[PDB]
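Reconstructed Cβ throughout: ideal geometry from the backbone, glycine too, with neighbour counts over all protein chains shown. None of the figures in this text is laboratory data; all of them are computed from the coordinates on show.
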Amino acid sequence: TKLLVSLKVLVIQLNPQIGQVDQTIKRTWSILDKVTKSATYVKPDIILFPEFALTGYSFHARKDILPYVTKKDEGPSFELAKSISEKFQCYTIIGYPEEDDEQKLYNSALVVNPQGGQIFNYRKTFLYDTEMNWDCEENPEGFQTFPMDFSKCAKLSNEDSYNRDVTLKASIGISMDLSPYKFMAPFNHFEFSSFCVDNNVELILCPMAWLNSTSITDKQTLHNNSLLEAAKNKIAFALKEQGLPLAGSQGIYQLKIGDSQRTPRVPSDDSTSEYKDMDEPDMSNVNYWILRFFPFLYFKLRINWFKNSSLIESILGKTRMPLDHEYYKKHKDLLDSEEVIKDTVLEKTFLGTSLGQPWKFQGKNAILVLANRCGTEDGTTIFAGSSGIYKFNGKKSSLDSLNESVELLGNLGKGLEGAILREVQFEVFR
């Protein structure tokens, strides 16, 4: 049974700096006020914030992050999300640094329902270099899905209003979750997006603190004080030339509330990575994010992969998580056994192909919401901003925004705090 859904999605893009939690909260309430006063404001069903949205990101030691960590149901990030959810009768998702009862630290994202109740807490699964500075743990559950009950968001195709309720299968992926494991696994594993396709996820939510490539990431540079000073001067100049303070822009809000302006499809080139034009998205990163969701993208070659059974061993052989992942610290060849083939094996994909069809996602819909922070930290790290909303339409070979099986419903700029609201329409099957 086809069910039509209409979701009002609001993404908040912030430039949080370490030690400014109260100020960031104040700016958040200011943004939300401005949003409600927009000409084409409508109430959101879901509000998504970035990774470590109120605290800043680049913590260099456990001691430095400890004053900002909280249990999943206490503290500033949780209280903010509960107040937002109660004021807008929506789901609210925010990234925050978490401590549990056993003194373990995580990079997490809590989910609050419209009743102000915490319904989920997701922990980052693939860690980035920065997390290793302060003793962050990998999510022992690996990637996860969860149900979100949306009220009055759905209809049958012959009905004239969205008066039905729908429970969507959702997944949160926090920034590095989208990358090859440790940047060492093969690029074409696409672990997170494969997991979402494997599990028939419908709503993908990604709080991020994702870098623009102007950032200094070269390890020899970071650890040679001479090279680092020279590199930092380069970033200093690039910000000064833009009329920006070194930390980047704060408190000047770009609002795209309820318009329908789409993001132009563009290929990556030498210039699309430049940290210029703060109100325009970083298309180098937009294209890369889209690429990391390859299993959701139409690709002609899959018919040949399927016809030749080229990926059967890859599909059968792939494990739920990387073998060295926290996940297996759970229990790790159906071709050579008397055990039958289970449904779950027939749901498995590699490169978007399953044992049963060339492209498993074909004819389906999924919504991707990316909330990426903006600004700069340490004089070395420039976040890409460019928060956006995307629809994978499942319709039947560019590996970027030119691929028309993804729809770019709208993006914020790379360098300004702000908010984007889009009504997103798609279908699910029930």
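Just order 421-429, 86-94, 48-56, 65-73 by mean Cβ neighbour count inside 10 Å, highest at the front, would you?
48-56, 86-94, 421-429, 65-73
Please enumerate, by chain and number, the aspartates and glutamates with C-alpha under 12 Å from the C-alpha of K332, excluding those fewer than 8 residues away in the same chain.
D324
What is the spin-label model distance, in nm, from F429 to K87 if the labels are put 7 Å beyond Cα along the C-beta direction?
The answer from the label model is 4.2 nm.
Using a simple spin-label model with points 7 Å from Cα along the Cα→Cβ vector, what separation in nm is obtained for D378 and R62?
Spacing of the two 7 Å Cα→Cβ label points: 1.9 nm.
In the structure displayed, which of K34/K155; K152/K256; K72/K318 lie more than 26 Å apart, Cα to Cα?
Result: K34/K155; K72/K318 exceed 26 Å.
Compute the Cα gyration tensor for segment 240-297, then decide on rounded, prolate or oblate, letting a ≥ b ≥ c be the square roots of its eigenvalues: rounded whenever a/c is under 1.5, prolate when a/b is larger than b/c in the other cases, and oblate in all that remain.
Oblate, since a/c reaches 1.5 and b/c is not below a/b.
Given a Förster distance of 45 Å, report the FRET efficiency between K43 and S226 from their Cβ-Cβ distance, rounded to the nearest 0.05.
0.25
Mind giving me the nanometre distance, one decimal, between the label points for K329 and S157, set 7 Å out from Cα along Cα→Cβ?
So the two model labels end up 4.9 nm from each other.
How much length, in nm to one decimal, is gained on full extension between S30 and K182, taken as 0.36 nm per residue of separation minus their Cα-Cα distance?
51.0 nm
Give the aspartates and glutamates whose C-alpha is closer than 14 Å to that of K26, dropping any in the same chain fewer than 8 places away, or say none.
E79, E417
What size of dipole, in debye to the nearest 20, comes out for the chain about its Cα centre when the only charges are +1 on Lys and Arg C-beta atoms and -1 on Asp and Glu C-beta atoms?
1100
About the Cα centre, and with charges only on the beta carbon of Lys, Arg (+1) and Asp, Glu (-1), how big is the dipole of segment 342-430? Nearest 20 debye, please.
420
Per 20 Å bin, what is the whole-percent P(r) computed from every C-alpha pair distance within the chain?
26, 59, 15, 0
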